[PDB]
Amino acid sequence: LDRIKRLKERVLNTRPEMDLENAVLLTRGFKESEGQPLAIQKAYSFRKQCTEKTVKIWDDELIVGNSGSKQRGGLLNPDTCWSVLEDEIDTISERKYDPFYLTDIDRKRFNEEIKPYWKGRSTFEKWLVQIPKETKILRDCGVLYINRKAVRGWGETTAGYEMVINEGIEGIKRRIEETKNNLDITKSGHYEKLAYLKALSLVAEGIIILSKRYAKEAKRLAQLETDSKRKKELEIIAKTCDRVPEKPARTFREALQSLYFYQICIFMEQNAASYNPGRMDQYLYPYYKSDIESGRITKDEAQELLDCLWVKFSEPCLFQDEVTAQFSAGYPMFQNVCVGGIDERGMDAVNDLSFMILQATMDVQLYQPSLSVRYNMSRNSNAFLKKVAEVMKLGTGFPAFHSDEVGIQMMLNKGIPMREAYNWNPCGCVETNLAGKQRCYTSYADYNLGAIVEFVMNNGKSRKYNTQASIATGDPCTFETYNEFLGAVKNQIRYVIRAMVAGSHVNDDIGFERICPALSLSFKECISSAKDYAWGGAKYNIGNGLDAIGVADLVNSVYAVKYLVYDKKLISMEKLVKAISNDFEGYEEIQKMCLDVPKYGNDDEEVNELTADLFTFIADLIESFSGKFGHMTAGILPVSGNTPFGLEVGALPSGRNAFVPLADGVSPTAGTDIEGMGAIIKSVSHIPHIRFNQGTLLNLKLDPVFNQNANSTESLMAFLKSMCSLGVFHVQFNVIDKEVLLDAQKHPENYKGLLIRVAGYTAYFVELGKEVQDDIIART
């Protein structure tokens, strides 16, 4: 009860503004270490950053740090995406989606030493000039969205946090000296491996530096402190910050500062989405246990710490251009923390600490510990399960729920063995990865299945921009049979993904040379290889993944043609084309028999079957292709692109008006699930989950009049078990009066800190663009 430090309303009354500080340090680091090998002049100016960076502790903190200079700041990395800002230099402040304030004077810095150095030298700039011909058109004609991962650094991986807590930069330096001593600059390949290893030495040094300046500030705050209490907490914030990364953790306090200290450095250098701290309930437990039975911490002192950490997680803002924001509104960092599941010996893995990590989200209720669960029905206690469901019906959006039994073989289906794959941890939205051991763009680019449907009915040409976007599959009125049809729908899938594999292959080669680290500092192999995450170095290198969006709309559109055209012969294609071309202006009798046909989600065998055929094909299709890091992977997750992808697709044989959102993930189109919620699951069980080893996403919008009877809890639980027992991968819930959302678009102000599940993550309703707000509204 007495943890009344919600005095971190500081974070809600804060405004997003660019933070071009670090961008200036980096500029200076580069200029003085020119001629160095790029990993050395990157890592030498990282030390510069944390040596000459703001250092600030805010008025009530027990855990400290911040990747920038401001709270809710937008971090520019000019080495990767400088020109994003030079473009929107005088709009970004007032843009509709995800805006940032660019102060009067930060903008002097930008075109005075940031812009005149970096002009023509960035990752993103190389991507704009090299994206392949066919890929580039499809991107333009609205068919897929590749530019996101050329502005946002690596991300989408859970780093080697457990080592930094357990060895500290002290013990990692030994690993560095071990493999440096085994090399010989006389010997063929060794200079590159020795030179990189130096960069790993600067960055270890830079973290050290930073963490001690932090304690230093905490002594300064002490020796001016009136409050007996808040003085004696400052002194322990220094006693910690002095040990923390340099040496191994020894207390609960000292683990959480190890962790988050490292967390912000990795986000310092690149700013990517989805740096997931991972199985936090598993490697912190030994510290929690021994501190309980010693007095150094009491359970309530624990959950205070956590609730602070959770407010620090809610602190930064993911930086993106004008448009990628539309495709992922809400500043989301996607920092996945997960509890529960299975042990290295196959036994339940859930301790007191799994519940208190669920607990701190019921308490703080900010958006940025992306909570998650690995529920192992045959291992995790019903007691665990209850606490999960109680969380959910806070309408919080949290936590996303994964069926542990599915997530394991997804990781086996990736080539990892059960000896290490039990540790899989949700990553970002719903992706999979593995702590310290997997490089992998778990979601390189999205592809618009709505556009495709619109392509086969239009024989390649784009309705809206009137160009020959895709290949010419022939016009739809010479398909004698249904298979002639399906044939052309596959051919159209095949043309798009090719282009994506080109683009992936191109940006792999850009990330290679030019986008190095010291995140890699926490991958054991990267150290003994003398080889970076970007280059190889990771234990298991996995091909990039390609997320599809428009599931509901493929199935419904294709089956609508099998029904009405090829064996119920009610409409000739001739006329269908006419109907959708015109948005059903005159033709609004057709739009009717379409939304009469079985829909994906009500669970009609004829549909579930086609749903299986298509996507086993889409899987075989991708695993065909290989880059330098293994064969490609796929998933189904939209983030928020289902809405703006919707705006480029015409009307479709599914009964969908033109320019509406596309479906979201593997959920149905809004207004087609007139059967149950238990038949929502069953229609989606036929999606082959373990073939899409990078994740699957389900959205469901519960009405809040449910938390009433004293079984809503007992009954939500049992439904979670249906999901798992059917072999479905993931489900997550909203629990909200429409009444509230509707008012909040009216008066955005008296609804601060109100949450919603968008897809994979959680945003503040008021801070999203109106389009996506409707999309979320219209869900049943």
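Numbering starts at 1 and follows the sequence shown.
**Message:** Averaging CA B factors per stretch from the PDB record, which one is higher: 320-328 or 586-594?
**Reply:** Taking the mean B-factor of the alpha carbons in each, 586-594 is higher.
**Request:** Could you settle it for me: does 577-585 or 266-274 have the higher average Cα B factor in the PDB entry?
**Result:** The deposited B-factors put 577-585 ahead on the C-alpha mean.
**Message:** Among the choices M392, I408, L621, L128, identify the one whose CA B-factor in the record is greatest.
**Reply:** Among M392, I408, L621, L128, the PDB entry lists the largest C-alpha B-factor for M392.
**Message:** Given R279, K524, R498, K701, identify the residue with the highest C-alpha B factor in the PDB entry.
**Reply:** Spelled out: the listed residue with the top C-alpha B-factor is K701.
**Asked** Going by the entry, which third of its chain does the Cα temperature factor of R175 land in?
**Response** Tercile = lowest for this residue's CA B-factor.
**Request:** Report the third (lowest, middle or highest) to which the CA temperature factor of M723 belongs, ranking only the modelled residues of the same chain.
**Result:** It falls in the middle third of the chain.
**Prompt:** With respect to C-alpha B-factor, does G65 fall in the lowest, middle or highest third of the chain as deposited?
**Reply:** For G65, whose C-alpha B-factor we compare with every modelled residue in the chain, the answer is the lowest third.
**Message:** Looking at the temperature factor on the CA atom of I185, which third of the chain's modelled residues does it land in?
**Reply:** CA B-factor rank for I185: lowest third.
**Item:** Chain-wide C-alpha B factor ranking for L38, given as lowest, middle or highest third
**Value:** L38: CA B-factor falls in the lowest third of its chain.
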